[PDB]
């Protein structure tokens, strides 16, 4: 049920990670990005562990479990960050409590178009009074909506999508009763997260290629899963 899904997603809630960024050295492009890149990798390991808790997911084929993650990992990172950043009303993005970056920083690391979209999404979440339970459902949704093409596990993914859709609708009724515009408006945010994700991955691929910023192999395999 909606209730069972939510309990599951909630006892698997991602913890918040510190960046342990060294603020003792000034924020060069390289300095910030190495913290951002590896904050990403730690949150990445967590997502993977978290995904296996999304009800139905461990019943997909291994290849498709990996595939879903390969499609949407960056979206999940950005989606989370947006929610972490809800209090800043679009003024900054909180990648970690340890690492809040404003538009100024975004320019330094040359990820302005990306973070400007995310930050705006953050503001929309704030404006739509999004509850944690709704966000939990949203990430699960981002995951199961990762690939639109037909996979071997098509059936099971369909079943998960249907269950998630019901849970989102019921959860919206709980925290925002009789508001028919809410779920659609919030789902519309996902289109921006998707756009941000795509640009995100493209940027990280070119970071990888510039070889200055160091990637560990987990993040690096994710990048090489595209092209």
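Positions refer to the first chain, counted from 1.
Look at the C-alpha B-factors of 35-43 and of 193-201. On average they run higher in 35-43.
Checked against the record, the higher mean CA B factor of 112-120 and 99-107 lies with 99-107. You'll see in the entry that, of 173, 159, 61, 28, the Cα B factor peaks at 28.
When the modelled residues of the chain are ordered by C-alpha B-factor, residue 179 sits in the middle third. Looking at the C-alpha B-factors along this chain, the one for residue 65 belongs to the lowest third.
Per-chain ranking of the deposited C-alpha B factor places residue 133 in the lowest third. In this PDB entry, the Cα temperature factor of residue 75 sits in the bottom third of its chain's modelled residues, the lowest group.
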